[PDB]
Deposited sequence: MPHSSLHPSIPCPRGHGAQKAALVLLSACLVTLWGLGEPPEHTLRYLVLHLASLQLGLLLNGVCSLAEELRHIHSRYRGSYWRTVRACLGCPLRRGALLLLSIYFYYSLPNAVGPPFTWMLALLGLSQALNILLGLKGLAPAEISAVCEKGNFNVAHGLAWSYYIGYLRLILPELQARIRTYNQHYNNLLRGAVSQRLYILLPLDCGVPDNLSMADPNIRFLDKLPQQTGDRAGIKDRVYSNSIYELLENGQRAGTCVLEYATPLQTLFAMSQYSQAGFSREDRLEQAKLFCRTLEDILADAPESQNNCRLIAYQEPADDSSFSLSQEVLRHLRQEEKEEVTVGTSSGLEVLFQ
């Protein structure tokens, strides 16, 4: 979280520690109450069996919908749909057999089955299966089910991986042909996702000077596709203080626009979260990329009395 304090760090294992504490407390309580541990084990196994039966019923309900997509999503394989709706069928079947055995054989099975089915049907019909926001966010981060992930990887693959290697050569060409621009690309990251097309509008102290020699390449059927960069001077008290190849991170614009459109199903809180996740993912990518060797500098900032030029200079002086 060196970019900005507001960047969330990845989740740890606090839930497991709290669960261990809870387990210890529950065991202590059961010991204090002084009840037969045999009954404890019996009822715990029965509870887990009920959970397994509930999973079975919910998966059966979801199977009715998922079979409609058998040819598209699951390649015509019934076993694939079953695995998607229930997980590993072997494990689930073994657990079901064990539950049946330890219920029908321990101190009515069909009545309890009907009751559990009624409860699951109620939970489904009334829309009570929804997870809490924190669990959804954790699942999405673990599985990388985020738009920011794809946006950052697209930014790295399509632009930086094709731009950074030739940046030094282009800079040397511009410097010898013409001034002492720093040998790095400075990428701005406004967590508010406010990305204007002209920096001079955001801060007069930043002023355009010229353009580097255009880079060219063929991309996805389009040939002679050109990437261009701009040179900006940073002023202090009306006098020049630095010069750099500065630009905004274009994908953030998208995050803003997606929040304006209603067809995108994207809100402002999602916008903030995804912008910060984008910054984090891009930092993680660059920290390990061989292309990026002191060639790029990310400047992340959040507007609360704020001067962008001074922010850029605080990094340039280093």
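Practice problem: Would you mind checking the deposited sequence against the model and listing the stretches with no C-alpha coordinates? | Solution: Missing from the model are residues 1-3, 111-115, 187-191, 318-321, 336-354.
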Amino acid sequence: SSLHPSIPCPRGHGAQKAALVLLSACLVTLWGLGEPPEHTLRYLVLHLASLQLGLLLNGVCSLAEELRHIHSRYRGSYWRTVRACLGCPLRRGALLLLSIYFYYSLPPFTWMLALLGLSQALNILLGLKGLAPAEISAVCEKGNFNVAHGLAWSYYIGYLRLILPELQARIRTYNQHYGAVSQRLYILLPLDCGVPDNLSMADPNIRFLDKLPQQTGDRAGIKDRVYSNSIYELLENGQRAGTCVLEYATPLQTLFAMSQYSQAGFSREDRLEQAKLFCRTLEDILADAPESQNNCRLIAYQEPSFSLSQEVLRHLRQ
From here on, numbers count along this sequence of modelled residues.
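So that the term is clear: the rigid core is the largest set of C-alpha atoms that superpose within 1.5 Å between two forms.
Practice problem: Report the stretch with the higher root mean square CA deviation, pooled over structures and residues in 7 other deposited structures of this protein, choosing between 112-120 and 138-146 after a rigid core fit. | Solution: Looking at 138-146 and 112-120 in 7 other deposited structures of this protein, the bigger mover is 112-120.
Quiz item: in 7 other deposited structures of this protein, superposed by the rigid core, which stretch departs further from the shown form in CA positions, 201-209 or 122-130?
Solution: Taking the RMS over all superposed structures in 7 other deposited structures of this protein, 122-130 lies farther out.
Quiz item: What about residue 87, is it left unmodelled in a third or more of the other PDB entries we looked at?
Solution: Residue 87: modelled in all of the comparison entries.
Quiz item: When the other PDB entries of this protein are compared, is residue 235 left blank in at least a third of them?
Solution: No: coordinates for residue 235 present in every compared entry.
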